[PDB]
Amino acid sequence: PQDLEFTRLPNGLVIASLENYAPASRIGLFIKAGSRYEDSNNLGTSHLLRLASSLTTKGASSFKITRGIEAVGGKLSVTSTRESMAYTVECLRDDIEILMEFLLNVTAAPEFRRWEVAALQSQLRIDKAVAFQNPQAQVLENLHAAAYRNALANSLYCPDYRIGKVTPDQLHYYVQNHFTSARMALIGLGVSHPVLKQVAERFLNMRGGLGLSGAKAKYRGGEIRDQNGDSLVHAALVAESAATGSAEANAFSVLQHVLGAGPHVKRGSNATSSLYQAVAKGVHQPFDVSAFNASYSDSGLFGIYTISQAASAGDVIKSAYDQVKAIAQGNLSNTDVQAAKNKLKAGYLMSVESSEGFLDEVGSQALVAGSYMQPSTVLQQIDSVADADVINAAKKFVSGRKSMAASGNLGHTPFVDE
Amino acid sequence: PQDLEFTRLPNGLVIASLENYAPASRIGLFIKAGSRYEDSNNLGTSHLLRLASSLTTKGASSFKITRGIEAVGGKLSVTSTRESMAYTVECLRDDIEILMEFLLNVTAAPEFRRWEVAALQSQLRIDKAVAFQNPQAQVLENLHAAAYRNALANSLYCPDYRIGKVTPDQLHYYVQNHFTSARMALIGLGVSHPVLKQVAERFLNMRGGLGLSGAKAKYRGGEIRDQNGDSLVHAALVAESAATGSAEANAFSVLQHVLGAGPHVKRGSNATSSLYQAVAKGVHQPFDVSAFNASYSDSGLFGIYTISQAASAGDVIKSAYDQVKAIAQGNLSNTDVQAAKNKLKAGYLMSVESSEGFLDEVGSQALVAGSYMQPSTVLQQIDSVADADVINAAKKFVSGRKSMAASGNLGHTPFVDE
Amino acid sequence: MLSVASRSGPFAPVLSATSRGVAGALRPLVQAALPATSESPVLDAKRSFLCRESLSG
Amino acid sequence: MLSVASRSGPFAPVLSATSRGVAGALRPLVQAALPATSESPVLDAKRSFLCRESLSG
């Protein structure tokens, strides 16, 4: 009941609230910011901004933010993509008014004092080295730099030469030009709709419109190879597909689940994954394979991801790429399309069960499209995808210009023109 | 007088000696080794081998090599390219017999003891960081990795992940397969020809033939961009040209001096350099520009090298590339060809004046061609280059597939397909 | 229309005030772990991975 | 026929026993130095560049 209350303010702000009768509450502020909006002179400003949510503001010192949130048992977290940032606050139902006041001081009136920003520069080195213990993280940052010339090629983490040199004037300039009311959405989960609104009329004195247009992303068909001492080879091979919110984007989502997008059974052999079965015919050694799908506001990437041993890496990539070529020339059953629509339908409804997944789902719809759609509407758009559109999305990949990133012992890994 | 005495041994070794009547002597051993002969599992073995000439051998300890050479005032140095290594010894005329014995213990019977090799691993980090204070050094190592897939793409310095992990068994295997008598040449400068020969019959018990064929180098038209915090942008743009020792290689050497290959007058404005004059018409800020020429045994590279500021880097590269296009469509005077043949003739005779340059010149001719040619023959091959061959070498560059490497603030540097 | 986490694959980092930093969604994707010898190494700046985020209370 | 230093441009490192390490031949190529403000920075592992190799005796 009380499904959602959706409201546009006259300054462009989006407010959405659903009244649960749950003992906990959740407030999230979603902003069009992140690493795609920085240029070559301020690379890494949005990574330092992500790490600076506890610093001194105009309404509360850094001591009062840490002590005041911990005194009631609450949390404060920041999450970022290449296209958005999100500030989240959670506590129990009777404490939500005083944590809403802390969230507005962090995002609408920060101070970046010299000695606090200088003491935080060494946290960039700790945060990046923790994330790069996963070999997937640096392969996916090399893949965006190989695929684009600008504006989606920027990394989520600060470059190494730049650690120590992010200035307070750069942080003030980034928030002034990107944290504006026509780029923001405020989503509540256990609060009524009148309470969020008079909260929202306490950040409109500045930040009245749109701040700075970003550059449109231009596709580059590049290649980056990284020889190191890891024991397995990670490789990715993509082409340009489609932006989010189109009819062709739905056909690439179905094509991902035809090929295989992760396992369903613990320690299972992936019997319905056509990519996994084609590789395992000729390879008799430990591997993994998956279909990759990344969709953004003006572009997208689709391809394959393999993890293999060094001597077997060329055999894994060639047999995975040949299976996509069979679908593009018409080999596709309607039984496999219907089974793929079931995994895509069930995965969307399961990702919205918790309060964490439901709040992120409303926040992305408010920034990208500016409205909310029921999951019954989303389930009918997946039903309208035909078998001719799945074959046509696999033909765009096969004839498109490729990008590649690899890492490990690369003595048997093929080059992107071979 | 006594120009050179040239001799092939029945095991394949080349011996050359010229009798000066100079108070100093010089002995050099030249070997077909270096970084092009290593594969993906032993990268950096030839850099550590270059740094290990003072270690304990079977005939002399590491104490006796340092003390015994310093007691007479002599020197011992190693120099390397991608295709060769050279071991050089110099002292006065009466001390040359006991330093010839130290040179044969280093190259023909080394020991690689565990504790000495382990203590030398930290010298790889010091030697690489000293060399990389020049921005030209890392740009030229990225350029060979962008241009080739193998066998000339290997760096002269050890990769960072590999420092600490070069083993004594790898050093024993490299010398066993690459330091053989049919790949070696022994050149003397103040010693008679009978003395070098019985020196040479004390390393033939092992190393009897050819050790291991290297892979032929395959051209890759890649691109590597390196954003950092340097104040100027270094860029290079090349294409594949010609191997050393061909008639087309002489036409690219003349074309380099038509375009411009370094300055002749101290603080001069480079009045005869057609590349420098074309860039300086539209650019009114500090820059530098040059023609690049690298020739190897089975391949070669030719192109342009620019140093510029960050905001002006696209204007410098486009105007330099347009000047080469005018030569390729026939705009070439015979006055400019004759002036370029004079700089190429005078530079070859000046590079052979000293004992250091004369010994390196005889050593390269002995490994590449297996004979010696008088400089009167070299000066007549430059005279036979016609004006039609200089235009045809500039057409091979313009229509060929490019490679690129850049470093600095790359926000205005063009991509290789643009 | 939707998130980048719905059409899974592009990754996301988080920072908390009282919880640990997380990277991505499908980066530790599995049945590379049922195939043998996938070891997570010992770290020098090591972290807690369950990180209180699924605690029973 | 000839060296890589004759057709100038591909570079070479050296190691000595009693002298300093040198990189390349035409890497510090000049009239980038007559155009203004080409500074060689202060180093942390700094070296002597003339390195006795041209001493008067």
Side-chain angles (χ1 to χ4, degrees), chain A residues 38-44 132 135 138 141-142 144-151 153-155 158-167 215 218-231 233 310-311 313-314 401 403-417, chain B residues 38-44 132 135 138 141-142 144-151 153-155 158-167 215 218-231 233 310-311 313-314 401 403-417:
Chain A
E38 69 204 14
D39 47 61
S40 53
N41 298 131
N42 62 347
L43 291 172
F132 275 17
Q138 205 181 348
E141 300 279 69
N142 281 333
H144 283 78
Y148 297 96
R149 294 173 187 182
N150 70 313
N154 300 344
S155 185
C158 197
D160 275 0
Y161 85 93
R162 194 103 169 84
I163 294 177
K165 299 183 169 59
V166 192
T167 60
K218 296 181 268 295
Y219 184 74
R220 159 197 185 192
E223 171 183 34
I224 294 173
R225 297 170 61 106
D226 176 43
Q227 170 95 25
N228 53 48
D230 293 357
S231 61
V233 171
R401 188 170 61 156
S403 302
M404 197 168 173
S407 88
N409 199 351
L410 303 178
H412 299 271
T413 307
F415 283 82
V416 77
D417 299 315
Chain B
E38 68 204 14
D39 47 61
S40 53
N41 298 131
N42 62 347
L43 291 172
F132 275 17
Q138 205 181 348
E141 300 279 69
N142 281 333
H144 283 79
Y148 297 96
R149 294 173 187 182
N150 70 313
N154 300 344
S155 185
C158 197
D160 275 0
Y161 85 93
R162 194 103 169 84
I163 294 177
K165 299 183 169 59
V166 192
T167 60
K218 296 181 268 295
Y219 184 74
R220 159 197 185 192
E223 171 183 34
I224 294 173
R225 297 170 61 106
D226 176 44
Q227 171 95 26
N228 53 48
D230 294 357
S231 61
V233 171
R401 188 170 61 156
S403 302
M404 197 168 173
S407 88
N409 199 351
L410 303 178
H412 299 271
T413 307
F415 283 82
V416 77
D417 299 315

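Order of the sequence lines sets the chain letters (A, B, ...), proteins ahead of strands, with each chain counted from 1. These values consider heavy atoms only, across backbone and side chains, with no hydrogens, waters or symmetry-generated copies.
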Task: Pairs of heavy atoms under 4.5 Å with chain A: top-ranked of B/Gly221, B/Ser40, B/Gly222 - done: B/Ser40

- [ ] Mark yes or no: A/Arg149 above the aromatic ring of B/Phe415, with NZ or CZ under 6.0 Å from the six-membered ring centre and no more than 45 degrees from the axis.
- [x] yes

Open item on the list: With a 3.5 Å distance limit and no angle check, can you tell me whether A/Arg162 reaches the backbone of A/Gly44 through a side-chain donor-acceptor pair?
Closed with: no

Task: Toward chain B, the part of A/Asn41 with a non-hydrogen atom under 4.5 Å - done: side chain

Task: Proximity breakdown for A/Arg220 and chain B, heavy-atom pairs closer than 4.5 Å - done: side chain

Task: Minimal non-hydrogen separation, A/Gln227 against B/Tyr161, with atom names - done: NE2-OH, 3.2 Å

Task: Under the side-chain hydrogen bond (donor to acceptor under 3.5 Å, both in side chains) test, residues paired with A/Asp226 that sit two or more places apart - done: A/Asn228

